[PDB]
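Here is the structure we will look at, set down as structure tokens.
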Amino acid sequence: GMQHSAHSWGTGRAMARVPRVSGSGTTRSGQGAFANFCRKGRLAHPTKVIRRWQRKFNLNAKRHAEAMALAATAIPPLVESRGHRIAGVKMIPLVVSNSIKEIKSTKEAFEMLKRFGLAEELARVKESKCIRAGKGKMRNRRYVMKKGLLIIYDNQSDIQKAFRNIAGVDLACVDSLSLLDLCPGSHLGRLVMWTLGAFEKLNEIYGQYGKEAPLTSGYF
Amino acid sequence: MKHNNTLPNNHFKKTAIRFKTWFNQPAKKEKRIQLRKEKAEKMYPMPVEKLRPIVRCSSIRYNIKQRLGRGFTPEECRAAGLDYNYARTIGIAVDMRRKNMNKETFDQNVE
Amino acid sequence: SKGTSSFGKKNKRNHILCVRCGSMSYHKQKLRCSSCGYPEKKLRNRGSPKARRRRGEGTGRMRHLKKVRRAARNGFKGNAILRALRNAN
Amino acid sequence: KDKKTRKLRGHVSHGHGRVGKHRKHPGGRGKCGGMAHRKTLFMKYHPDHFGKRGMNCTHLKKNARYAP
Amino acid sequence: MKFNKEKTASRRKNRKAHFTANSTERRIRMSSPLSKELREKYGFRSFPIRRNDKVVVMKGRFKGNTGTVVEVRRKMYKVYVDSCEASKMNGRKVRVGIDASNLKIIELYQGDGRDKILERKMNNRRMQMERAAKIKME
RNA sequence: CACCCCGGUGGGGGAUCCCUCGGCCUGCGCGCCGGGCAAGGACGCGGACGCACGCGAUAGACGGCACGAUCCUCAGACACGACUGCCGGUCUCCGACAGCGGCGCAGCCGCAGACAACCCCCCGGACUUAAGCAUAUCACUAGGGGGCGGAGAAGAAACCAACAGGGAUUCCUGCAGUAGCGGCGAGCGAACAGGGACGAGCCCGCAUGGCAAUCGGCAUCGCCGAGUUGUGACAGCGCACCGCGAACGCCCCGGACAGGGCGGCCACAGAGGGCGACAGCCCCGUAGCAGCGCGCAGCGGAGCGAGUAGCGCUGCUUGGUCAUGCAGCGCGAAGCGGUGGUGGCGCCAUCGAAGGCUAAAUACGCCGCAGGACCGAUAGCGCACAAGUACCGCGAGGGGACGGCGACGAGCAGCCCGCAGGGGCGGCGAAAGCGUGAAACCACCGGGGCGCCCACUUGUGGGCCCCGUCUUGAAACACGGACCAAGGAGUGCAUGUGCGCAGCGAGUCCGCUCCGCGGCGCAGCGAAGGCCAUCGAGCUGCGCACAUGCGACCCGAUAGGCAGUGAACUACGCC
RNA sequence: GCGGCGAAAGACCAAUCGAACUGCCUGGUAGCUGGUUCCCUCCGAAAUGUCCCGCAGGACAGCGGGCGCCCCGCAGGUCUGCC
RNA sequence: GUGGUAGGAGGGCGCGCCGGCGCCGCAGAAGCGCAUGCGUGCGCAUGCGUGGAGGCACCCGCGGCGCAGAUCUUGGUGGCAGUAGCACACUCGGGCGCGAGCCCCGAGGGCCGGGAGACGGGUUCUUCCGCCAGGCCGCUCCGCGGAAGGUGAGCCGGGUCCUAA
RNA sequence: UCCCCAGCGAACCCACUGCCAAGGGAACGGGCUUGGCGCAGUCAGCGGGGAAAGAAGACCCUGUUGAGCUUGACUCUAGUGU
Ligand SMILES: [Mg+2]
Ligand SMILES: [Mg+2]
Ligand SMILES: [Mg+2]
Ligand SMILES: [Mg+2]
Ligand SMILES: [Mg+2]
Ligand SMILES: [Mg+2]
Ligand SMILES: [Mg+2]
Ligand SMILES: [Mg+2]
Ligand SMILES: [Mg+2]
Ligand SMILES: [Mg+2]
Ligand SMILES: [Mg+2]
Ligand SMILES: [Mg+2]
Ligand SMILES: [Mg+2]
Ligand SMILES: [Mg+2]
Ligand SMILES: [Mg+2]
Ligand SMILES: [Mg+2]
Ligand SMILES: [Mg+2]
Ligand SMILES: [Mg+2]
Ligand SMILES: [Mg+2]
Ligand SMILES: [Mg+2]
Ligand SMILES: [Mg+2]
Ligand SMILES: [Mg+2]
Ligand SMILES: [Mg+2]
Ligand SMILES: [Mg+2]
Ligand SMILES: [Mg+2]
Ligand SMILES: [Mg+2]
Ligand SMILES: [Mg+2]
Ligand SMILES: [Mg+2]
Ligand SMILES: [Mg+2]
Ligand SMILES: [Mg+2]
Ligand SMILES: [Mg+2]
Ligand SMILES: [Mg+2]
Ligand SMILES: [Mg+2]
Ligand SMILES: [Mg+2]
Ligand SMILES: [Mg+2]
Ligand SMILES: [Mg+2]
Ligand SMILES: [Mg+2]
Ligand SMILES: [Mg+2]
Ligand SMILES: [Mg+2]
Ligand SMILES: [Mg+2]
Ligand SMILES: [Mg+2]
Ligand SMILES: [Mg+2]
Ligand SMILES: [Mg+2]
Ligand SMILES: [Mg+2]
Ligand SMILES: [Mg+2]
Ligand SMILES: [Mg+2]
Ligand SMILES: [Mg+2]
Ligand SMILES: [Mg+2]
Ligand SMILES: [Mg+2]
Ligand SMILES: [Mg+2]
Ligand SMILES: [Mg+2]
Ligand SMILES: [Mg+2]
Ligand SMILES: [Mg+2]
Ligand SMILES: [Mg+2]
Ligand SMILES: [Mg+2]
Ligand SMILES: [Mg+2]
Ligand SMILES: [Mg+2]
Ligand SMILES: [Mg+2]
Ligand SMILES: [Mg+2]
Ligand SMILES: [Mg+2]
Ligand SMILES: [Mg+2]
Ligand SMILES: [Mg+2]
Ligand SMILES: [Mg+2]
Ligand SMILES: [Mg+2]
Ligand SMILES: [Mg+2]
Ligand SMILES: [Mg+2]
Ligand SMILES: [Mg+2]
Ligand SMILES: [Mg+2]
Ligand SMILES: [Zn+2]
């Protein structure tokens with residue numbers, strides 16, 4: 001909007017005092033420029049990249065919220081309240097053994113989740129794939145689908161290859177749990193399947209009551 | 001200005017003030033890790049760091065603590081039994097302008 | 001007098017075709033192009049921020065530069081006939 | 001909560017009065033006029049702003065004077 | 001997921017790559033599936049369609065028709081099959097443009113060196129299957 | 001009858017919505033011009049060729065290699081290789097010379113010109129802030145001049161320090177909005193540390209004298225030259241670098257299935273795009289999968305830096321203060337000298353200037369690539385379109401507008417009328433017939449006659465001046481407003497303060513980094529010497545309000561400056 | 001172009017002249033004019049004081065609102081009494 | 001208990017997009033038009049028509065988030081208004097032609113410049129064909145549209161010449 | 001010329017506009033109040049009114065907004081001179 005040599009024509013010409021585009025012989029000539037109310041004008045208060053895009057949060061408070069979002073996954077009234085179909089699932093918290101890493105092909109992994117009663121959960125997510133309802137479909141966000149099972153694992157039970165392609169399955173290492181996985185959409189109670197390696201590490205990452213965490217320094 | 005507040009010391013009067021944003025900060029970190037890995041692979045047996053001396057920090061605020069110095073003096077390398085030019089060929093850093101001040105810093109670095 | 005009558009006398013043409021820049025800006029009396037500054041050796045400092053966008057490098061054919069981008073992309077191997085002859089010996 | 005602008009849509013003179021106004025810089029820029037027209041602001045809230053106190057130390061050293 | 005950062009999942013760049021594809025790429029994008037009788041012989045999933053290819057139409061108005069490919073047009077991406085036609089007003093029969101994805105090849109043409117090109121994809125598929133067999137063996 | 005209002009149909013116009021081969025932003029990569037004729041221009045080049053784009057008399061695919069069957073408006077071309085891709089040839093003319101410079105020099109070379117984001121050197125404003133203003137500020141900026149490179153510049157202490165001492169530069173954090181400068185006003189404002197990224201060190205000169213041991217050139221193992229006014233030294237590079245990639249059928253609706261229903265299947269592949277609606281299995285793709293070699297030899301090493309440093313004066317500059325830097329001029333050193341926040345002198349301490357080189361971390365546009373809580377055709381770049389185009393200006397320069405049928409298969413001219421444009425019966429298609437088609441407005445038709453509010457039995461009564469605005473006071477003979485659509489104005493950052501919320505709490509703060517003993521707080525007072533509690537909840541984040549600096553709610557001066565362009569009008573002088 | 005040129009009118013210097021035109025600084029600054037976009041609910045002013053090259057403006061105070069905390073008796077009043 | 005400007009506060013309505021979560025759509029989405037209903041109000045929901053591919057609700061989060069005004073900006077459209085205005089020294093006959101006040105021919109009556117160069121224009125020149133567009137009316141005409149054709153130098157002008165300021 | 005016609009065909013301007021009298025009112029109303037009237041909405045004249053349209057009054061004042069110009073203004077400065 002600022003790429004003109006525009007000046008106000010002043011008063012006395014029976015026209016408003018807005019900057020007019022200089023020159024003659026074109027339709028742009030004499031038209032208003034530079035103003036937010038002008039066509040092809042600069043928008044007033046233009047957006048800058050020096051905007052504070054990130055927000056700071058205290059690390060201990062973020063760790064408490066990660067703990068409370070983890071406890072939400074252990075409450076079966078919460079997990080079915082956020083849309084997870086957990087009628088077939090055995091326990092919540094469902095913990096699978098560390099022989100989960102012996103599944104090599106995802107056909108066997110889909111069969112494994114099937115015999116855990118997650119078949120209705122995975123099928124709900126796979127059919128929920130629809131085109132996004134706004135202009136976000138122009139901006140490389142065309143498809144939305146629901147959030148299904150989260151599988152939390154550790155480095156001794158690495159099931160990344162055999163499970164990542166199943167629709168409705170997210171995988172997260174236990175050493176780095178974000179809240180984007182634990183309460184996606186700010187809605188507590190994500191359906192989480194644990195491996196035995198990730199489940200036994202929870203008393204190391206967050207410790208027990210009244211005690212410091214062994215793996216996280218200075219966390220209670 | 002109006003009310004009771006600390007007097008404003010905001011220095012944005014110059015229209016020549018630039019802004020250094022940090023959008024490259026996660027990307028520079030992954031570039032920095034990749035170069036460190038490629039340096040370690042270029043010098044596979046040799047350590048990626050030099051051996052650096054233990055020096056005492058300068059002022060009265062900081063002379064309670066020691067940090068890691070820039071290089072050993074040539075008189076420290078000689079007392080350890082090395083020529084300082086040979087000492088640079090193995091992974092030892094050599095500082096020609098540090099002065100051998102006292103026996104405690106000398107004998108610690110020689111050891 | 002000052003206006004419509006005086007425009008009848010404007011039949012001289014002061015700025016003619018520049019032999020360097022090709023704009024109708026070479027003055028006949030001054031013997032200097034008002035656009036590019038010919039016959040000064042360096043180009044005239046362009047009178048606007050948009051004038052580089054109209055007349056600067058890249059706004060023309062870039063006949064040599066498009067060739068040297070293509071050779072630089074391939075590693076400056078140069079003449080394909082002479083490339084095999086240097087490779088044999 | 002949202003900003004104040006989202007409630008002032010619809011009201012002339014956004015929040016700054018019809019008779020007064022939101023003009024550009026009445027009173028001057030910054031903290032000027034501390035001895036002329038904002039003297040009441042400086043007599044009240046910063047009575048030690050103007051003047052000099054004490055012996056100047058060109059380059060006070062923090063680490064040398066460290067004694068907590 | 002696509003783990004290759006150097007390829008686009010961008011819609012804008014993928015759409016621009018489709019409509020401003022060059023003629024070498026437009027031949028590949030006009031591939032068509034083989035029959036099951038061709039896939040037992042050749043092995044590959046699909047092959048780029050050519051003139052004089054026998055074709056069964058799989059979708060659209062002419063679905064279930066068989067005919068030879070009489071015209072391929074890379075710009076506008078349309079394959080014209082014999083006996084998939086519509087008349088103009090002056091009685092002139094025009095072949096109707098069908099997308100190559102809606103055609104299944106029944107019999108592959110093999111005349112103009114195409115049997116070499118089919119065997120080149122067949123052998124590279126057979127060789128790459130041998131490497132993946134050895135890698136999974138080890 | 002006109003007029004007005006409401007509706008219907010038709011116009012009118014292009015809002016809305018949906019779309020998007022475009023933009024914007026961020027990251028990464030690249031960072032490669034030029035007498036071997038550059039940038040830019042001029043003119044030409046297609047069988048039918050205007051524009052655009054491509055190209056250069058080898059002129060609209062010339063060669064090699066790869067690809068492998070179409071290109072298409074006509075005509076034609078084509079396995080003796082269509083259409084393509086990569087690379088190379090060819091590459092007109094104007095535009096870099098009154099050229100300038102190096103080398104004994106039969107001659108061989110270089111400089112010029114482009115680039116202007118980043119970087120280095122010089123020159124250097126004013127608007128602005130100070131509620132005026134002159135110093136100050138803006139700002140050692142903008143701008144102009146010069147010069148490089150893929151980075152540049154800097155750089156191995158005549159440094160910091162005052163310790164138990166550190167140890168090139170650059171960058172980050174931090175010191176710190178601090179010390180300090182400042183009509184001590186407005187305002188401005190660093191450094192050592194500590195932590196970190198990255199790390200790297202070197203060289204010329206005073207080199208032999210039992211012989212210049214050194215180099216340049218050549219038509220070359222021999223000349224000629226340089227040179228004693230002094231020449232002299234090898235550790236790093238290079239090549240290779242793929243082609244293939246899983247898995248779907250039936251029924252319904254429909255112009256068409258990617259939809260719905262049922263049943264499977266593949267997945268180290270359920271990223272994305274195409275395909276006649278919304279596809280893991282139709283297609284393109286996607287996940288997945290591949291390396292290496294070759295080198296490093298010798299003979300001086302205490303060499304040392306002068307019209308300088310410094311002092312005096314001056315001008316500029318800086319936070320730099322009885323001078324921080326820089327320059328000019330005067331004076332002009334030493335064997336010891338410089339410095340110690342910068343008066344003199346003395347101490348003590350610490351370094352060695354007036355010669356040179358040096359990676360990395362750092363900066364950055366074009367361009368390429370990839371992304372995005374961005375914009376979605378009055379938006380987003382000025383340009384989604386024959387956009388720096390059309391067009392305007394003597395000139396420097398200025399600079400728009402304009403997107404959308406469908407299955408790109410059909411979409412025609414049969415009959416009647418008209419010179420014709422066309423009309424009417426038809427025709428194609430699911431429909432639209434260059435999407436949707438709002439409002440202003442208009443035609444006709446139909447209905448009805450307050451502009452609004454109230455009341456009811458709908459035409460009566462009662463109540464109502466024109467909104468916005470400034471104002472003591474507007475219906476005002478105050479100003480703005482023809483109508484309608486779209487657009488259109490308190491935002492962003494920094495720093496505070498207050499409140500609320502949140503985590504922890506004598507502590508607290510992840511986000512500079514590969515790892516904060518950095519900040520603030522646990523206690524203050526004083527100019528300081530000095531004194532030191534009888535004593536106190538904070539730190540960090542999030543949110544709002546508010547203050548200030550910034551374009552600062554939006555729009556608006558007359559002015560001022562810097563750099564340019566014009567005597568085609570006109571003024572004068574000359575030929 | 002703080003320049004030209006003028007038988008002098010501040011005339012003329014490209015329809016521009018008591019300092020041309022172009023681009024930039026520049027979104028110059030404006031105590032001045034104009035405008036400042038949803039609804040309902042709760043409350044609701046001031047046009048005064050002091051100072052200011054202050055008088056079309058500010059800052060402080062007063063008045064409005066919002067948020068609080070604390071249990072201390074509160075009053076634009078009359079009566080009685082003394083000044 | 002109930003007015004309210006400047007003003008402050010609260011709770012909602014509405015818009016673009018986000019993370020979720022419930023869904024809808026070629027058996028017709030958004031948008032639009034007209035109705036009906038709900039609503040103190042912002043607004044919401046439905047019906048019918050149109051439309052032809054997306055959309056809705058809620059919870060969250062981000063914000064270039066709501067217009068009657070700015071001699072607002074851009075675009076479109078009215079009234080004004082079939083108004084102001086636009087050829088009014090020509091006349092008669094004939095022709096071509098669908099069509100004639102203006103085009104052509106003949107006659108009569110009038111009027112005034114015409115013809116060569118420069119600068120400037122650049123194909124306007126000339127021929128053939130056209131027109132339902134342009135020409136302040138009309139046109140069969142044309143400086144218009146389309147297709148062509150045309151510019152030949154020792155002697156003309158400039159350069160290969162000379163100098164002027 | 002106007003006027004009337006065929007063909008062609010704008011602009012200014014525009015909150016909205018039945019007309020008066022007095023009153024009140026921002027102290028000179030088209031709209032308000034109370035009275036007086038007129039209304040087929042057409043053609044041509046016309047200049048009383050719309051405090052008619054032009055143009056963010058050029059007069060005047062204000063601005064801590066200018067510029068031109070002057071000098072015994074303030075602070076500087078080219079030039080001349082020492
Ligand atoms: Mg814009
Ligand atoms: Mg939408
Ligand atoms: Mg003349
Ligand atoms: Mg001339
Ligand atoms: Mg206002
Ligand atoms: Mg307010
Ligand atoms: Mg006032
Ligand atoms: Mg005063
Ligand atoms: Mg109507
Ligand atoms: Mg448009
Ligand atoms: Mg970029
Ligand atoms: Mg060339
Ligand atoms: Mg070829
Ligand atoms: Mg140069
Ligand atoms: Mg400014
Ligand atoms: Mg000022
Ligand atoms: Mg001011
Ligand atoms: Mg002033
Ligand atoms: Mg370069
Ligand atoms: Mg360098
Ligand atoms: Mg400064
Ligand atoms: Mg030597
Ligand atoms: Mg495949
Ligand atoms: Mg000197
Ligand atoms: Mg000394
Ligand atoms: Mg000191
Ligand atoms: Mg040195
Ligand atoms: Mg639109
Ligand atoms: Mg645009
Ligand atoms: Mg003009
Ligand atoms: Mg339409
Ligand atoms: Mg008032
Ligand atoms: Mg008044
Ligand atoms: Mg009013
Ligand atoms: Mg009045
Ligand atoms: Mg008006
Ligand atoms: Mg709007
Ligand atoms: Mg602010
Ligand atoms: Mg302005
Ligand atoms: Mg000034
Ligand atoms: Mg100038
Ligand atoms: Mg006079
Ligand atoms: Mg003039
Ligand atoms: Mg502004
Ligand atoms: Mg009240
Ligand atoms: Mg008063
Ligand atoms: Mg006023
Ligand atoms: Mg106050
Ligand atoms: Mg109320
Ligand atoms: Mg209010
Ligand atoms: Mg919506
Ligand atoms: Mg809604
Ligand atoms: Mg806005
Ligand atoms: Mg509007
Ligand atoms: Mg308003
Ligand atoms: Mg009109
Ligand atoms: Mg008329
Ligand atoms: Mg006449
Ligand atoms: Mg003639
Ligand atoms: Mg002619
Ligand atoms: Mg015609
Ligand atoms: Mg008429
Ligand atoms: Mg009257
Ligand atoms: Mg009356
Ligand atoms: Mg009349
Ligand atoms: Mg009148
Ligand atoms: Mg005025
Ligand atoms: Mg004043
Ligand atoms: Zn030129």
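Letters A, B, ... go to the chains of the structure tokens in the order shown; residues in each chain start at 1; ligands are counted from 1 in the same order.
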Residues at most 10 Å from ligand 26, using only C-alpha atoms (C1' of nucleotides) and all ligand atoms? Could they come as a PyMOL selection string? (chain D and resi 58-61) or (chain F and resi 161-162+340-342)
Take the selection from the previous step and output its residues with C-alpha atoms (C1' of nucleotides), as a PDB file, in the first residue's frame.
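File out.pdb, as written:
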ATOM      1  CA  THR D  58      32.992   7.144  36.079  1.00  0.00           C
ATOM      2  CA  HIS D  59      32.711   3.395  35.425  1.00  0.00           C
ATOM      3  CA  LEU D  60      31.639   1.822  38.652  1.00  0.00           C
ATOM      4  CA  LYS D  61      32.723  -1.828  38.505  1.00  0.00           C
TER       5      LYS D  61
ATOM      6  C1'   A F 161      42.250  -6.169  35.273  1.00  0.00           C
ATOM      7  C1'   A F 162      43.590  -4.881  40.819  1.00  0.00           C
ATOM      8  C1'   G F 340      45.982   1.412  34.049  1.00  0.00           C
ATOM      9  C1'   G F 341      37.283   5.226  32.986  1.00  0.00           C
ATOM     10  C1'   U F 342      41.554   8.504  31.172  1.00  0.00           C
TER      11        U F 342
END
Near-ligand residues for ligand 9, threshold 9 Å, only C-alpha atoms (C1' of nucleotides) and all ligand atoms, as a VMD selection string: chain F and resid 5 to 7
May I have the residues from that selection written out with N, CA, C and O atoms (P, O5', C5', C4', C3', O3' and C1' of nucleotides), as a PDB file, in the first residue's frame?
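The resulting file, selection_28.pdb, is reproduced below:
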ATOM      1  P     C F   5     -40.942   4.442  -3.886  1.00  0.00           P
ATOM      2  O5'   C F   5     -41.696   3.386  -2.979  1.00  0.00           O
ATOM      3  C5'   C F   5     -41.861   3.610  -1.592  1.00  0.00           C
ATOM      4  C4'   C F   5     -42.904   2.694  -1.016  1.00  0.00           C
ATOM      5  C3'   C F   5     -42.730   1.226  -1.326  1.00  0.00           C
ATOM      6  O3'   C F   5     -41.767   0.607  -0.500  1.00  0.00           O
ATOM      7  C1'   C F   5     -44.984   1.845  -1.656  1.00  0.00           C
ATOM      8  P     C F   6     -40.889  -0.609  -1.056  1.00  0.00           P
ATOM      9  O5'   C F   6     -41.904  -1.819  -1.077  1.00  0.00           O
ATOM     10  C5'   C F   6     -42.391  -2.370   0.128  1.00  0.00           C
ATOM     11  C4'   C F   6     -43.426  -3.417  -0.146  1.00  0.00           C
ATOM     12  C3'   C F   6     -43.023  -4.510  -1.110  1.00  0.00           C
ATOM     13  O3'   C F   6     -42.181  -5.488  -0.550  1.00  0.00           O
ATOM     14  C1'   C F   6     -45.177  -3.755  -1.658  1.00  0.00           C
ATOM     15  P     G F   7     -40.997  -6.088  -1.436  1.00  0.00           P
ATOM     16  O5'   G F   7     -41.719  -7.161  -2.356  1.00  0.00           O
ATOM     17  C5'   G F   7     -42.334  -8.294  -1.781  1.00  0.00           C
ATOM     18  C4'   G F   7     -43.375  -8.902  -2.685  1.00  0.00           C
ATOM     19  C3'   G F   7     -42.889  -9.522  -3.975  1.00  0.00           C
ATOM     20  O3'   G F   7     -42.326 -10.802  -3.798  1.00  0.00           O
ATOM     21  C1'   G F   7     -44.791  -8.218  -4.405  1.00  0.00           C
TER      22        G F   7
END
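The residue that comes closest to chain A, out of E:98, E:108, E:34, E:1 and on the basis of only C-alpha atoms, is E:1.
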Give me the residues near residue 68 of chain H as a PDB file with N, CA, C and O atoms (P, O5', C5', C4', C3', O3' and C1' of nucleotides), in the first residue's frame, where near means some atom within 10 Å (using only C-alpha atoms (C1' of nucleotides)) and where sequence neighbours in that chain fewer than 2 positions away do not count.
ATOM      1  P     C F 467     -34.450  13.024  12.675  1.00  0.00           P
ATOM      2  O5'   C F 467     -33.339  11.899  12.792  1.00  0.00           O
ATOM      3  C5'   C F 467     -32.055  12.206  13.303  1.00  0.00           C
ATOM      4  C4'   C F 467     -30.949  11.702  12.414  1.00  0.00           C
ATOM      5  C3'   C F 467     -29.554  11.851  12.974  1.00  0.00           C
ATOM      6  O3'   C F 467     -29.211  10.849  13.899  1.00  0.00           O
ATOM      7  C1'   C F 467     -29.582  12.602  10.751  1.00  0.00           C
ATOM      8  P     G F 468     -28.383  11.254  15.198  1.00  0.00           P
ATOM      9  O5'   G F 468     -26.956  11.631  14.632  1.00  0.00           O
ATOM     10  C5'   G F 468     -25.998  10.632  14.378  1.00  0.00           C
ATOM     11  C4'   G F 468     -24.859  11.161  13.560  1.00  0.00           C
ATOM     12  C3'   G F 468     -23.988  12.201  14.197  1.00  0.00           C
ATOM     13  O3'   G F 468     -23.124  11.689  15.168  1.00  0.00           O
ATOM     14  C1'   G F 468     -24.452  12.862  12.029  1.00  0.00           C
ATOM     15  P     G F 481     -21.050  16.684   1.348  1.00  0.00           P
ATOM     16  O5'   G F 481     -22.101  15.554   1.684  1.00  0.00           O
ATOM     17  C5'   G F 481     -21.720  14.194   1.672  1.00  0.00           C
ATOM     18  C4'   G F 481     -22.839  13.325   2.162  1.00  0.00           C
ATOM     19  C3'   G F 481     -24.127  13.392   1.373  1.00  0.00           C
ATOM     20  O3'   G F 481     -24.090  12.616   0.192  1.00  0.00           O
ATOM     21  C1'   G F 481     -24.610  13.545   3.668  1.00  0.00           C
TER      22        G F 481
END
Would you mind listing what lies within 12 Å of residue 146 of chain H as a count of residues only, with only C-alpha atoms (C1' of nucleotides) counted and same-chain residues fewer than 3 positions away left out? 4
Provide as a list in words the residues of chain A at most 12 Å from chain B, counting only C-alpha atoms.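 Per the criterion, chain A yields residues 48, 49, 50, 51, 52, 53 and 54 of chain A.
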Could you save the residues just selected, with C-alpha atoms, as a PDB file, in the first residue's frame?
ATOM      1  CA  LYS A  48       4.381  -7.498  11.931  1.00  0.00           C
ATOM      2  CA  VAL A  49       6.523 -10.556  12.490  1.00  0.00           C
ATOM      3  CA  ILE A  50       7.804  -9.000  15.713  1.00  0.00           C
ATOM      4  CA  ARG A  51       4.471 -10.011  17.285  1.00  0.00           C
ATOM      5  CA  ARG A  52       4.992 -12.278  20.253  1.00  0.00           C
ATOM      6  CA  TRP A  53       3.960 -15.591  18.708  1.00  0.00           C
ATOM      7  CA  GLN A  54       5.029 -17.805  21.566  1.00  0.00           C
TER       8      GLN A  54
END
Just checking: using only C-alpha atoms (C1' of nucleotides), which residue out of B:28, B:17, B:97, B:77 ends up closest to chain F?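 Result for the nearest residue to chain F: B:97.
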List the neighbours of residue 50 of chain E out to 9 Å using only C-alpha atoms (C1' of nucleotides); skip same-chain residues closer than 3 positions along the sequence, and give me the result as a ChimeraX atom specification. /E:27,31,53,69-72,79,108-109 /F:69
Quick one: write out the picked residues with C-alpha atoms (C1' of nucleotides) as a PDB file, in the first residue's frame?
ATOM      1  CA  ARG E  27       2.780 -39.413 -20.189  1.00  0.00           C
ATOM      2  CA  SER E  31      -1.153 -44.274 -16.730  1.00  0.00           C
ATOM      3  CA  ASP E  53      -3.904 -50.218 -26.654  1.00  0.00           C
ATOM      4  CA  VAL E  69      -7.076 -46.331 -28.029  1.00  0.00           C
ATOM      5  CA  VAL E  70      -7.216 -44.165 -31.135  1.00  0.00           C
ATOM      6  CA  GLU E  71      -6.006 -40.859 -29.712  1.00  0.00           C
ATOM      7  CA  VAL E  72      -4.151 -39.733 -26.607  1.00  0.00           C
ATOM      8  CA  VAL E  79      -7.653 -40.672 -23.919  1.00  0.00           C
ATOM      9  CA  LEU E 108      -0.885 -54.004 -24.392  1.00  0.00           C
ATOM     10  CA  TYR E 109       0.414 -52.740 -27.705  1.00  0.00           C
TER      11      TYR E 109
ATOM     12  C1'   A F  69       4.308 -41.494 -29.590  1.00  0.00           C
TER      13        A F  69
END
Atom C1' of residue 138 of chain H to atom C1' of residue 86 of chain H: how many Å, to one decimal? 13.8 Å
Residue neighbourhood residue 64 of chain C, 10 Å, only C-alpha atoms (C1' of nucleotides), exclusion window fewer than 4 positions, as a PyMOL selection string: (chain C and resi 68-69) or (chain F and resi 33-34+38-39+91)
Which protein, DNA or RNA residues have an atom within 12 Å of ligand 38, counting only C-alpha atoms (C1' of nucleotides) and all ligand atoms, as a PyMOL selection string? (chain A and resi 45) or (chain B and resi 1) or (chain D and resi 22+24-25) or (chain F and resi 490-494+545-550+552-553)
Please produce a file of those selected residues containing C-alpha atoms (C1' of nucleotides), as a PDB file, in the first residue's frame.
ATOM      1  CA  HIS A  45      -1.574  -1.055  11.954  1.00  0.00           C
TER       2      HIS A  45
ATOM      3  CA  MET B   1       2.209  11.315  30.713  1.00  0.00           C
TER       4      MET B   1
ATOM      5  CA  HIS D  22      -8.124  11.643  21.503  1.00  0.00           C
ATOM      6  CA  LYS D  24      -2.152  13.281  18.972  1.00  0.00           C
ATOM      7  CA  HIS D  25       0.057  14.619  21.724  1.00  0.00           C
TER       8      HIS D  25
ATOM      9  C1'   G F 490      -7.172   2.199  19.823  1.00  0.00           C
ATOM     10  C1'   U F 491      -3.213  -2.120  16.818  1.00  0.00           C
ATOM     11  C1'   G F 492       1.940  -4.353  17.378  1.00  0.00           C
ATOM     12  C1'   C F 493       6.376  -4.321  20.138  1.00  0.00           C
ATOM     13  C1'   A F 494       9.388  -2.641  24.203  1.00  0.00           C
ATOM     14  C1'   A F 545      -6.690  -1.577  32.098  1.00  0.00           C
ATOM     15  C1'   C F 546      -3.378   2.477  31.862  1.00  0.00           C
ATOM     16  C1'   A F 547       1.375   5.456  31.064  1.00  0.00           C
ATOM     17  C1'   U F 548       5.572   6.203  27.586  1.00  0.00           C
ATOM     18  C1'   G F 549       8.520   5.494  23.087  1.00  0.00           C
ATOM     19  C1'   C F 550       7.627   4.079  18.413  1.00  0.00           C
ATOM     20  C1'   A F 552       0.842   4.724  17.444  1.00  0.00           C
ATOM     21  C1'   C F 553      -7.110   5.302  16.508  1.00  0.00           C
TER      22        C F 553
END
